[PDB]
Amino acid sequence: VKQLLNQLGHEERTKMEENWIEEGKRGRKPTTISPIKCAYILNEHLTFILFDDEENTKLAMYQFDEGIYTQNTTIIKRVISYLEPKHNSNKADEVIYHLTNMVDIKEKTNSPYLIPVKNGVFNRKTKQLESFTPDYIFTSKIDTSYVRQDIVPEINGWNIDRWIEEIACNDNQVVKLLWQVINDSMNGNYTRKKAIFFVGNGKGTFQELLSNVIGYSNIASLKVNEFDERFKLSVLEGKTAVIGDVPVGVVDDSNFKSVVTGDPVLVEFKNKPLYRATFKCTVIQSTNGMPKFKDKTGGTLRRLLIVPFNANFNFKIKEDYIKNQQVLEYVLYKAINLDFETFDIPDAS
Amino acid sequence: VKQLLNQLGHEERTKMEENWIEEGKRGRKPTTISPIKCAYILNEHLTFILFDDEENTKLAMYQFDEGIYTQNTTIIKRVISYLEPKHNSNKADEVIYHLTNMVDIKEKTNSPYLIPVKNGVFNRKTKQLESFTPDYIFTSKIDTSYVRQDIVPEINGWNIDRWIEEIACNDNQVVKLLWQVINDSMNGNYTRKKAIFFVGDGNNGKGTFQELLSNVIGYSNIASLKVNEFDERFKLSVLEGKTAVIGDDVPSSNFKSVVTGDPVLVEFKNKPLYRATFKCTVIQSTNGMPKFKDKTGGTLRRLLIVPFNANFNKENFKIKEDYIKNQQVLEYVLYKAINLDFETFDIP
Amino acid sequence: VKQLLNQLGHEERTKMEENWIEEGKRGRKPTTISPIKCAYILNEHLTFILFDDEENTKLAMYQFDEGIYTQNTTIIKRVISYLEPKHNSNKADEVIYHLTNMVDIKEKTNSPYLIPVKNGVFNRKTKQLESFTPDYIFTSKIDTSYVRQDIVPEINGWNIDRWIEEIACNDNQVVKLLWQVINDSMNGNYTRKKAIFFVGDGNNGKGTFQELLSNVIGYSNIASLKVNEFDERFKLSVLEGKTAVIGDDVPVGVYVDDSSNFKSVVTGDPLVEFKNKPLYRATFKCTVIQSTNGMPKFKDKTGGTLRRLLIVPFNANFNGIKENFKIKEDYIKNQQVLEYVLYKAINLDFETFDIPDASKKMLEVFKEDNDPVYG
Amino acid sequence: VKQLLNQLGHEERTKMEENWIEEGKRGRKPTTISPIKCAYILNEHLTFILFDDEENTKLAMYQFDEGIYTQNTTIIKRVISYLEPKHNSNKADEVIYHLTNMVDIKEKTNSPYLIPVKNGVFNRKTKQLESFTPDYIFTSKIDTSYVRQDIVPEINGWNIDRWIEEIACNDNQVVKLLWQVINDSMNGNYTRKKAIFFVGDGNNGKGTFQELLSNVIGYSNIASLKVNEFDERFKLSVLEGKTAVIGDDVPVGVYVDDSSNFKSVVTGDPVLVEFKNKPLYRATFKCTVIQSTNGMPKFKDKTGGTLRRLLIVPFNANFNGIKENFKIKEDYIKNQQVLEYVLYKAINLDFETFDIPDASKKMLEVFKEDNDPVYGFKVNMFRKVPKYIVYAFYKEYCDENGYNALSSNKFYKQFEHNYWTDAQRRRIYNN
Ligand SMILES: Nc1ncnc2c1ncn2[C@@H]1O[C@H](COP(=O)(O)OP(=O)(O)NP(=O)(O)O)[C@@H](O)[C@H]1O
Ligand SMILES: Nc1ncnc2c1ncn2[C@@H]1O[C@H](COP(=O)(O)OP(=O)(O)NP(=O)(O)O)[C@@H](O)[C@H]1O
Ligand SMILES: [Mg+2]
Ligand SMILES: [Mg+2]
């Protein structure tokens, strides 16, 4: 879109120059487009939306290349520079404010059957890949492309399914639960209100596999205990999942329950106004043994999930075996093809 | 109101343009409405108020379609942009400041006989629903609509009254007490000076009942607290603008003060302490007798026990997952609770 | 590049003056280059990049004489002043903002086979030195030059290898471990997964070894962080900008309340804080070194916790034997000694930490002490 | 430099006026020197440097009369006002920014053999006084002039040397140690890796000696930090730019649970210094620590490092009677002649390590026994095979109200030292 914005800006500047010429030499030459006019042009020729009408909400822009709306002000300002390079930070803030005033309000789509992938959006109802369109509102996506495959890729004669069964003590129910966990993890715009927890080994390598199948930038590292403090939740924007390693043998249950659910939370930015935002990223936490559960409530056991990790676990597995693109594509394909509505109960736990 | 402001826009602008024309080419074609003129137009053609003369009191705007006053700055900025798009954030702030200087001071209607809901204002004295008017001052309303009803809605052939009776072990007295509890919970301006305790052994439908009671009220109108942390500092802050507080489990002076209407000292982070009166009703659920270490007359009088026991501890998963989310059952229970009137709770 | 930027600034000012003269006198003698034009000139003639596209990411500039990209604002301001002296702080910030909007995004090259030193890049896969190029993206380089070493330097009859042997109490396994520790210390883009703990008491030379490591790495390239201070506000803010971190001292048997952050740091698992920058999440591959007496206990005791730590014995006493102060404040500061140490350590090949027998015995002793169940 | 800058500003303004005259009356006549031209003139004539290339580091200016570079923005702005009085705070900041962009970067002179003194720098290797020059980069100096002394100055019939002898209770080792302590305190780039502790109870004159040290050295050059204050937040920021740190009164028997920062400061070990809401950074402090307290506080670590770092000075003379002379601490130690003589005597004294008095060794041993119960046991116990009998719960904690171990860590006693084995031999009055 850089070429389109450059051409539009050049055309607008030439039109302004001609209009000034026909009015004669009055003052200095107008060479920069007014921020309101820039905002009009951008709203006409691009897709800018507003997630909600809350206090100091941030404008979202549809990235055509990625197909997901973003609230990153740096990318928006780069687009502004594409349209008008002479605008400094203050003028970019002004044009962003004008766009915020004009744009329409749309709610983020939370359809369980639609999951964004780097190649496109996968629909579970038809189990098909569809090209990116602005009509779907997404904030994060998986960075491993979805491809059609019929075999199990093998690197150095290593099978992913057999390895998963080895980690899972070779039981059908637990491996099905693991596949369901992958399916829930890769869904960044929909949540089942389930907080995934890892209890144990093989936990670290599986955690790294999860962090690899999703984009590293899409992954945010946070523990349950550190959700509450100020200036810590702002890192959850545009993140597909949040994975953390809570202390071994150490659990509030404030905002952790809010982010587990789709409930809005008052997120804050440093030297920026606070605003209410909704995060649907899947939460994964790792520790040895049962969490402390200071609350001791039935609803807590209702919402959270427990994944057993018991094994006898070799530096090779860490590198180039879980970071392989083919392995990530295969695991994404296998997990996304699985269809489920309720969680399973493994016989090993 | 966007059409009205747009019509007002580029019409005052034309007046300024023709004034400049008749005054000669000396203003370089002033095409931007001054912030004070924008404030004049907005005050004339809209309804802006100020809740009180407190320091840095935020201007409130009456949303004609919503029927309630809002202090949301973003909506006011959007309205100003509708009048005149060519304003910075600073210029729109100047417009807001001028309006704050101009507008009259009105106090929020805190009448216990008036309850705002999505359809309008319900008056218990007249037992009637009235359309939204700027005369009434409400900062929130119940998101569930209120309509006249004649039958009990059912989803998948499942009743609400039968479900409530099954939760209430099919006793008329406790069913009436539950209806009274809902009636008090929805009313945020009246307390009745009673703390309702749900005592049970398992689920018994108490969790899904609390979920339903949260659903019927607005999402942000409910507060979550337990007994143990009423004494702890900064925990009162969650009661700043709530209508009721409901807990889930219970693993004392401040709690007693919150139960009654006497003021309590609320403290905000990086903000001086101040005393405030809370009329929100408190509902607590737990397994067995709630923990207490100040056994005396006041605590015993203030506490009210509503036992819950059934086979729900069928787990009623279908009821909790989607049945309470249905708009029909929500509006039905809201209407049934709003029609019911009483003076005080009845002991089981 | 100062002369080049001065020449371009003078040429641009002359061109603007000529354009104003031919246009008349309307511009009233424009003499300051516009910030957008300054950004265009700097981008065309210099190498400015953006590490990654997130909120408030700082522009990086390639220092031709240093060979490492720097995000230091002051250096970029000085370069802009070279181009246009008359710009104040706000105009220079505008230039930086325009450059940030204009430049492309490239990620930092994190390959464990490349190690930057004062002379240039060093490649372990081929084991040679290459001249600095903007293609290799580095944020910090080792302050010790890499030269070919033929003989071991000696000052006042003091030999660095003999000093290492004296520190190590004459064991080949532990000297190999020390050399591997140094080699890991230079390489900040890879982790050995095992923490380094210099355990000793009194005049054991652990402080001297830490000072030697700081000198060979460079004082500015190393930051001091505590084992107990791993997770707290405004901490770890400068840790990302340094190749390695060392703990000067650790209390004996000190209890650790947050070792999960410590485990993430040592293992390489992934959050930085700043005065006016939002929190940013990144992995920590810098080696972790702590000097202490005994092995402090940990509340997260397990197989992983025990295996993630390595004990480096320091069983030499230099109080009964007359200590040479010049060893610690004079000898290890010599450039030749540091160059020889860097050459010898970087030429060594690393696969895993070679555990000495004494280290194994002390590890078993700590395992018995921390968990009485095994004992 | 005020006259030079005033003349430069006047001539520059006249030149600008002439340029405006010859270019014709275009707009308002220029009367204020542009910040860039002002910075050019200041760089050409004055001496401005930058200590390092780090983020937003502060420009340093060489004060010709003072002889030391200063980073105080007030002095720099006063100089700028001397050159251009019409510049407000923002324009002065612009001038400072331009100077920062222009000037070159030189590191601080941290040679241990050079000591900045009010008269001039002092070369310890040469034992000479060299005049101030901008080549030597210093940010602080001793507030006492260095002059050649031949005869002891006596004020009101009171001798500083006799007073020093009185403080030490007429002990040559102790007075030698005190002079060595003064010499170490004056030097800010050499540490000697020893912690000085003034131990004495009741009236002794510890505070008087500390005030004498704070008088001979610059008062602003002395930090105030007790040993127990080292490890909490923002405390190390005080140590920055200080030649020595003095703890006025450590609480008696305070529990020093954490000593890492204290040990780092005592030696030349680097440490992470943090300022209040300013970018924290790593730095090395060579300032010596001197603490005065009644009795020796005990440390948690009670290991070899804290023993070797500590030094104890005897203050046994008592003045808690008519012998007390207030003028000694109020007026006598503030005399300029006395301070000059003390500085001369201390700086001319040379040595490489502290000369430990015999009494100090005895008190060091006593503190080792008190802090570490094991060594107290070893001293008090004055056979070999029986370990249980010699253990006996530290022979009932050697009568010191201590806490014992599970007879497992007790054998660390042979670390301090039961040569190894009988098979039949392996509260009580009882060896
Ligand atoms: N091989 C050696 N021969 C002689 N002196 C040495 C040797 N190695 C080190 N030293 C000296 O011994 C001292 C050890 O340095 P230092 O930093 O005090 O050690 P440390 O082990 O950190 N002490 P501590 O903090 O109490 O555990 C210094 O004075 C060194 O110069
Ligand atoms: N040689 C001396 N002869 C007489 N008086 C002295 C002598 N040295 C110091 N003094 C006085 O004795 C007092 C010492 O007070 P100061 O040094 O502050 O406390 P301290 O003696 O170290 N401890 P404390 O008694 O607990 O306050 C002051 O009045 C000094 O002037
Ligand atoms: Mg040490
Ligand atoms: Mg005293």
# chains A, B, ... in the order shown; residues from 1 in each chain; ligands from 1
$ closest_atom_pairs --of "chain C" --to "ligand 1" --cutoff "10 Å" --atoms "only C-alpha atoms and all ligand atoms" --output "CSV"
residue,atom,partner,partner_atom_place_in_ligand_line,distance
C:158,CA,ligand 1,1 (N),8.8
C:159,CA,ligand 1,1 (N),9.4
C:160,CA,ligand 1,1 (N),9.1
C:162,CA,ligand 1,1 (N),7.8
C:163,CA,ligand 1,1 (N),4.8
C:164,CA,ligand 1,1 (N),7.4
C:165,CA,ligand 1,1 (N),8.1
C:166,CA,ligand 1,1 (N),5.2
C:167,CA,ligand 1,1 (N),5.9
C:168,CA,ligand 1,1 (N),9.4
C:169,CA,ligand 1,1 (N),9.7
C:198,CA,ligand 1,21 (O),8.8
C:199,CA,ligand 1,27 (O),8.6
C:200,CA,ligand 1,27 (O),6.3
C:201,CA,ligand 1,27 (O),4.6
C:202,CA,ligand 1,26 (O),3.8
C:203,CA,ligand 1,21 (O),4.3
C:204,CA,ligand 1,21 (O),3.6
C:205,CA,ligand 1,21 (O),4.0
C:206,CA,ligand 1,21 (O),4.3
C:207,CA,ligand 1,22 (O),3.4
C:208,CA,ligand 1,17 (O),4.9
C:209,CA,ligand 1,17 (O),8.0
C:210,CA,ligand 1,22 (O),8.2
C:211,CA,ligand 1,17 (O),8.1
C:248,CA,ligand 1,22 (O),7.9
C:249,CA,ligand 1,25 (O),7.0
C:250,CA,ligand 1,25 (O),9.5
C:291,CA,ligand 1,22 (O),7.5
C:292,CA,ligand 1,27 (O),6.9
C:293,CA,ligand 1,27 (O),6.9
C:314,CA,ligand 1,21 (O),7.8
C:315,CA,ligand 1,21 (O),9.6
C:316,CA,ligand 1,8 (N),8.2
C:317,CA,ligand 1,12 (O),7.8
C:318,CA,ligand 1,12 (O),5.1
C:319,CA,ligand 1,12 (O),7.1
C:320,CA,ligand 1,4 (C),9.9
C:321,CA,ligand 1,4 (C),7.0
C:322,CA,ligand 1,4 (C),6.3
C:323,CA,ligand 1,5 (N),3.4
C:324,CA,ligand 1,5 (N),4.2
C:325,CA,ligand 1,31 (O),3.9
C:326,CA,ligand 1,31 (O),6.0
C:327,CA,ligand 1,31 (O),4.5
C:328,CA,ligand 1,31 (O),4.1
C:329,CA,ligand 1,31 (O),7.1
C:330,CA,ligand 1,31 (O),8.9
C:331,CA,ligand 1,31 (O),8.9
C:332,CA,ligand 1,31 (O),9.5
$ write_last_selection --atoms "C-alpha atoms" --output "compact mmCIF listing (two decimals), in the first residue's frame"
# COMPACT_ATOMS: atom_id res chain seq x y z
CA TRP C 158 54.15 -13.44 36.45
CA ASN C 159 52.54 -15.72 33.86
CA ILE C 160 48.81 -15.65 33.14
CA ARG C 162 50.62 -20.05 35.70
CA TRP C 163 48.25 -17.74 37.56
CA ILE C 164 45.28 -19.69 36.18
CA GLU C 165 46.90 -22.92 37.34
CA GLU C 166 47.50 -21.44 40.81
CA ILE C 167 43.86 -20.35 40.99
CA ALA C 168 42.78 -23.80 39.80
CA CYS C 169 45.11 -25.68 42.21
CA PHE C 198 32.73 -19.40 41.89
CA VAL C 199 32.54 -21.03 45.33
CA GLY C 200 35.31 -20.27 47.79
CA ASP C 201 36.43 -18.28 50.84
CA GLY C 202 39.00 -15.60 51.61
CA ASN C 203 41.81 -14.86 49.17
CA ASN C 204 40.66 -17.37 46.57
CA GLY C 205 40.97 -15.20 43.46
CA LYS C 206 37.30 -15.37 42.46
CA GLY C 207 37.21 -11.58 42.55
CA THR C 208 40.44 -11.45 40.55
CA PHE C 209 39.01 -13.86 37.97
CA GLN C 210 35.83 -11.78 37.74
CA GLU C 211 37.93 -8.64 37.26
CA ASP C 248 30.43 -9.80 42.57
CA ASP C 249 29.34 -11.40 45.85
CA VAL C 250 26.51 -13.58 47.13
CA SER C 291 30.86 -15.48 43.29
CA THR C 292 30.11 -16.74 46.78
CA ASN C 293 31.11 -18.82 49.79
CA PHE C 314 38.35 -21.93 44.24
CA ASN C 315 40.45 -23.84 46.77
CA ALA C 316 43.50 -21.55 46.80
CA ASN C 317 44.43 -19.38 49.78
CA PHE C 318 46.47 -16.23 49.11
CA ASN C 319 46.67 -14.76 52.63
CA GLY C 320 49.22 -17.17 54.10
CA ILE C 321 51.07 -17.00 50.80
CA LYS C 322 52.01 -13.36 50.24
CA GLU C 323 49.43 -11.98 47.81
CA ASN C 324 50.53 -9.82 44.87
CA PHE C 325 48.16 -6.86 44.59
CA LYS C 326 49.54 -5.97 41.15
CA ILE C 327 47.98 -9.25 40.01
CA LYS C 328 44.53 -7.80 40.70
CA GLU C 329 44.88 -4.08 39.94
CA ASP C 330 47.91 -4.00 37.62
CA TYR C 331 48.72 -7.30 35.89
CA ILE C 332 45.25 -8.24 34.61
$ residues_near_ligand --ligand "ligand 2" --cutoff "6 Å" --atoms "only C-alpha atoms and all ligand atoms" --output "PDB file with N, CA and C atoms, in the first residue's frame"
ATOM      1  N   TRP D 163      47.104  15.941  70.858  1.00  0.00           N
ATOM      2  CA  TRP D 163      45.722  15.482  70.944  1.00  0.00           C
ATOM      3  C   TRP D 163      45.555  14.110  70.304  1.00  0.00           C
ATOM      4  N   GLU D 166      46.839  11.653  72.689  1.00  0.00           N
ATOM      5  CA  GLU D 166      45.882  11.476  73.778  1.00  0.00           C
ATOM      6  C   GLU D 166      44.726  10.577  73.362  1.00  0.00           C
ATOM      7  N   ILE D 167      44.239  10.739  72.129  1.00  0.00           N
ATOM      8  CA  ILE D 167      43.129   9.922  71.646  1.00  0.00           C
ATOM      9  C   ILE D 167      43.514   8.449  71.644  1.00  0.00           C
ATOM     10  N   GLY D 202      31.134   5.292  75.470  1.00  0.00           N
ATOM     11  CA  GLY D 202      31.128   6.529  76.275  1.00  0.00           C
ATOM     12  C   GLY D 202      31.865   7.648  75.566  1.00  0.00           C
ATOM     13  N   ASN D 203      32.279   8.684  76.302  1.00  0.00           N
ATOM     14  CA  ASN D 203      33.061   9.798  75.697  1.00  0.00           C
ATOM     15  C   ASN D 203      34.449   9.266  75.322  1.00  0.00           C
ATOM     16  N   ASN D 204      34.843   9.396  74.050  1.00  0.00           N
ATOM     17  CA  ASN D 204      36.162   8.882  73.590  1.00  0.00           C
ATOM     18  C   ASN D 204      36.774   9.822  72.553  1.00  0.00           C
ATOM     19  N   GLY D 205      35.948  10.601  71.850  1.00  0.00           N
ATOM     20  CA  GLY D 205      36.472  11.439  70.793  1.00  0.00           C
ATOM     21  C   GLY D 205      36.392  10.859  69.399  1.00  0.00           C
ATOM     22  N   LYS D 206      35.637   9.775  69.203  1.00  0.00           N
ATOM     23  CA  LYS D 206      35.471   9.220  67.863  1.00  0.00           C
ATOM     24  C   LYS D 206      34.821  10.234  66.931  1.00  0.00           C
ATOM     25  N   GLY D 207      33.749  10.875  67.398  1.00  0.00           N
ATOM     26  CA  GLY D 207      33.100  11.896  66.598  1.00  0.00           C
ATOM     27  C   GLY D 207      33.992  13.088  66.326  1.00  0.00           C
ATOM     28  N   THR D 208      34.862  13.436  67.277  1.00  0.00           N
ATOM     29  CA  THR D 208      35.794  14.535  67.047  1.00  0.00           C
ATOM     30  C   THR D 208      36.779  14.196  65.935  1.00  0.00           C
ATOM     31  N   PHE D 319      36.631  11.139  78.236  1.00  0.00           N
ATOM     32  CA  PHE D 319      36.582  12.552  78.587  1.00  0.00           C
ATOM     33  C   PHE D 319      35.255  12.910  79.247  1.00  0.00           C
ATOM     34  N   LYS D 323      37.456  16.887  82.228  1.00  0.00           N
ATOM     35  CA  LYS D 323      38.486  16.853  81.195  1.00  0.00           C
ATOM     36  C   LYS D 323      37.932  17.244  79.832  1.00  0.00           C
ATOM     37  N   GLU D 324      36.617  17.163  79.650  1.00  0.00           N
ATOM     38  CA  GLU D 324      36.010  17.443  78.355  1.00  0.00           C
ATOM     39  C   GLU D 324      36.182  18.913  77.997  1.00  0.00           C
ATOM     40  N   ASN D 325      36.739  19.170  76.819  1.00  0.00           N
ATOM     41  CA  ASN D 325      36.923  20.520  76.295  1.00  0.00           C
ATOM     42  C   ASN D 325      36.128  20.609  74.997  1.00  0.00           C
ATOM     43  N   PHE D 326      35.021  21.354  75.033  1.00  0.00           N
ATOM     44  CA  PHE D 326      34.158  21.457  73.862  1.00  0.00           C
ATOM     45  C   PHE D 326      34.861  22.148  72.702  1.00  0.00           C
ATOM     46  N   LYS D 327      35.761  23.088  72.999  1.00  0.00           N
ATOM     47  CA  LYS D 327      36.401  23.868  71.945  1.00  0.00           C
ATOM     48  C   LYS D 327      37.243  22.996  71.023  1.00  0.00           C
ATOM     49  N   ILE D 328      37.641  21.807  71.484  1.00  0.00           N
ATOM     50  CA  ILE D 328      38.417  20.902  70.638  1.00  0.00           C
ATOM     51  C   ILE D 328      37.599  20.483  69.423  1.00  0.00           C
ATOM     52  N   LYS D 329      36.341  20.111  69.646  1.00  0.00           N
ATOM     53  CA  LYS D 329      35.465  19.689  68.563  1.00  0.00           C
ATOM     54  C   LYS D 329      34.708  20.843  67.922  1.00  0.00           C
TER      55      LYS D 329
END
$ select_by_dssp --residues "range 121-359 of chain D" --states "strand (DSSP E)" --output "PyMOL selection string"
chain D and resi 121-123+128-130+154-155+158-159+195-199+222-224+244-247+270-273+281-284+288-293+310-314
$ write_last_selection --atoms "C-alpha atoms" --output "PDB file, in the first residue's frame"
ATOM      1  CA  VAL D 121      46.977  18.463  42.175  1.00  0.00           C
ATOM      2  CA  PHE D 122      49.358  16.361  44.272  1.00  0.00           C
ATOM      3  CA  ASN D 123      51.619  13.770  42.645  1.00  0.00           C
ATOM      4  CA  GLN D 128      55.084  17.189  44.657  1.00  0.00           C
ATOM      5  CA  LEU D 129      52.383  19.802  44.125  1.00  0.00           C
ATOM      6  CA  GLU D 130      51.555  20.482  40.473  1.00  0.00           C
ATOM      7  CA  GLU D 154      49.216  25.375  68.356  1.00  0.00           C
ATOM      8  CA  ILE D 155      45.924  27.185  68.983  1.00  0.00           C
ATOM      9  CA  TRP D 158      46.641  22.996  72.151  1.00  0.00           C
ATOM     10  CA  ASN D 159      48.654  20.675  69.904  1.00  0.00           C
ATOM     11  CA  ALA D 195      37.092  -1.279  56.447  1.00  0.00           C
ATOM     12  CA  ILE D 196      37.920   1.151  59.257  1.00  0.00           C
ATOM     13  CA  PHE D 197      35.821   0.866  62.422  1.00  0.00           C
ATOM     14  CA  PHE D 198      36.128   3.190  65.419  1.00  0.00           C
ATOM     15  CA  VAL D 199      35.106   1.061  68.413  1.00  0.00           C
ATOM     16  CA  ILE D 222      32.173  12.969  52.607  1.00  0.00           C
ATOM     17  CA  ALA D 223      29.247  10.567  52.319  1.00  0.00           C
ATOM     18  CA  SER D 224      27.142   9.585  55.338  1.00  0.00           C
ATOM     19  CA  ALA D 244      35.192   8.667  51.738  1.00  0.00           C
ATOM     20  CA  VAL D 245      32.082   7.586  53.635  1.00  0.00           C
ATOM     21  CA  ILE D 246      31.646   7.998  57.396  1.00  0.00           C
ATOM     22  CA  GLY D 247      29.084   6.295  59.618  1.00  0.00           C
ATOM     23  CA  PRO D 270      32.025  -3.031  41.003  1.00  0.00           C
ATOM     24  CA  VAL D 271      28.428  -2.534  42.119  1.00  0.00           C
ATOM     25  CA  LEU D 272      25.089  -1.460  40.646  1.00  0.00           C
ATOM     26  CA  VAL D 273      24.321   2.095  41.789  1.00  0.00           C
ATOM     27  CA  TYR D 281      24.109   1.995  36.140  1.00  0.00           C
ATOM     28  CA  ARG D 282      27.146  -0.041  37.141  1.00  0.00           C
ATOM     29  CA  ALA D 283      30.016   1.795  38.828  1.00  0.00           C
ATOM     30  CA  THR D 284      33.116   1.200  40.941  1.00  0.00           C
ATOM     31  CA  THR D 288      37.083   4.194  52.101  1.00  0.00           C
ATOM     32  CA  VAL D 289      34.525   3.356  54.793  1.00  0.00           C
ATOM     33  CA  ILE D 290      34.987   4.650  58.348  1.00  0.00           C
ATOM     34  CA  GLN D 291      32.419   3.757  61.009  1.00  0.00           C
ATOM     35  CA  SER D 292      32.181   4.840  64.647  1.00  0.00           C
ATOM     36  CA  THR D 293      30.116   2.880  67.157  1.00  0.00           C
ATOM     37  CA  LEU D 310      37.491  -5.314  58.784  1.00  0.00           C
ATOM     38  CA  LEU D 311      39.895  -3.116  60.753  1.00  0.00           C
ATOM     39  CA  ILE D 312      39.300  -1.965  64.340  1.00  0.00           C
ATOM     40  CA  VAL D 313      40.754   1.204  65.885  1.00  0.00           C
ATOM     41  CA  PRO D 314      40.991   1.603  69.693  1.00  0.00           C
TER      42      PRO D 314
END
$ interface_residues --of "chain C" --to "chain A" --cutoff "9 Å" --atoms "only C-alpha atoms" --output "PyMOL selection string"
chain C and resi 26-27+35-36+53-57+94-95+97-98+100-102+258-261+264+270-271+275-281+299-301
$ write_last_selection --atoms "C-alpha atoms" --output "PDB file, in the first residue's frame"
ATOM      1  CA  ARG C  26      10.357  35.583  -0.062  1.00  0.00           C
ATOM      2  CA  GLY C  27      12.096  32.919   2.028  1.00  0.00           C
ATOM      3  CA  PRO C  35      14.364  17.796   9.295  1.00  0.00           C
ATOM      4  CA  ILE C  36      12.781  15.675   6.553  1.00  0.00           C
ATOM      5  CA  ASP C  53       8.362  -3.152  14.662  1.00  0.00           C
ATOM      6  CA  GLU C  54       6.771  -2.568  18.055  1.00  0.00           C
ATOM      7  CA  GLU C  55       5.690   0.410  20.129  1.00  0.00           C
ATOM      8  CA  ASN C  56       8.405   3.030  20.679  1.00  0.00           C
ATOM      9  CA  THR C  57      11.209   0.961  19.155  1.00  0.00           C
ATOM     10  CA  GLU C  94      11.992  15.080  14.464  1.00  0.00           C
ATOM     11  CA  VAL C  95      14.868  13.895  12.259  1.00  0.00           C
ATOM     12  CA  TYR C  97      11.313  10.162  13.949  1.00  0.00           C
ATOM     13  CA  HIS C  98      11.429  10.657  10.178  1.00  0.00           C
ATOM     14  CA  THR C 100      12.357   5.692  12.011  1.00  0.00           C
ATOM     15  CA  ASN C 101       9.448   6.040   9.595  1.00  0.00           C
ATOM     16  CA  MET C 102      11.743   5.776   6.570  1.00  0.00           C
ATOM     17  CA  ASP C 258      12.120 -15.837  43.078  1.00  0.00           C
ATOM     18  CA  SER C 259      14.312 -18.318  41.206  1.00  0.00           C
ATOM     19  CA  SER C 260      11.880 -18.780  38.300  1.00  0.00           C
ATOM     20  CA  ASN C 261      13.223 -15.573  36.765  1.00  0.00           C
ATOM     21  CA  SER C 264      14.582 -18.284  32.806  1.00  0.00           C
ATOM     22  CA  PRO C 270      12.188 -15.160  28.164  1.00  0.00           C
ATOM     23  CA  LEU C 271      11.047  -8.649  30.118  1.00  0.00           C
ATOM     24  CA  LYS C 275      11.961   5.039  32.485  1.00  0.00           C
ATOM     25  CA  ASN C 276       9.880   6.064  29.452  1.00  0.00           C
ATOM     26  CA  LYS C 277       9.584   2.870  27.386  1.00  0.00           C
ATOM     27  CA  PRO C 278       6.941   0.133  27.633  1.00  0.00           C
ATOM     28  CA  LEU C 279       7.911  -3.304  28.875  1.00  0.00           C
ATOM     29  CA  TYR C 280       9.500  -5.492  26.197  1.00  0.00           C
ATOM     30  CA  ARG C 281       9.899  -9.275  26.292  1.00  0.00           C
ATOM     31  CA  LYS C 299      13.427 -23.249  47.530  1.00  0.00           C
ATOM     32  CA  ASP C 300      12.729 -24.642  44.028  1.00  0.00           C
ATOM     33  CA  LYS C 301      14.984 -27.661  44.561  1.00  0.00           C
TER      34      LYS C 301
END
$ select_by_dssp --residues "range 50-97 of chain D" --states "alpha helix (DSSP H)" --output "NGL selection string"
:D and (73-83 or 89-97)
$ residues_around --residues "range 86-95 of chain D" --least-positions-apart "2" --cutoff "10 Å" --atoms "only C-alpha atoms" --output "VMD selection string"
(chain C and resid 86 to 90) or (chain D and resid 31 to 40 42 73 76 to 84 97 to 101)
$ residues_around --residues "residue 313 in chain B" --least-positions-apart "6" --cutoff "7 Å" --atoms "only C-alpha atoms" --output "list in words"
residues 202, 203, 204 and 205 of chain B
$ closest_residue --among "D:367, D:299, D:179, D:341" --to "chain C" --atoms "only C-alpha atoms"
D:299
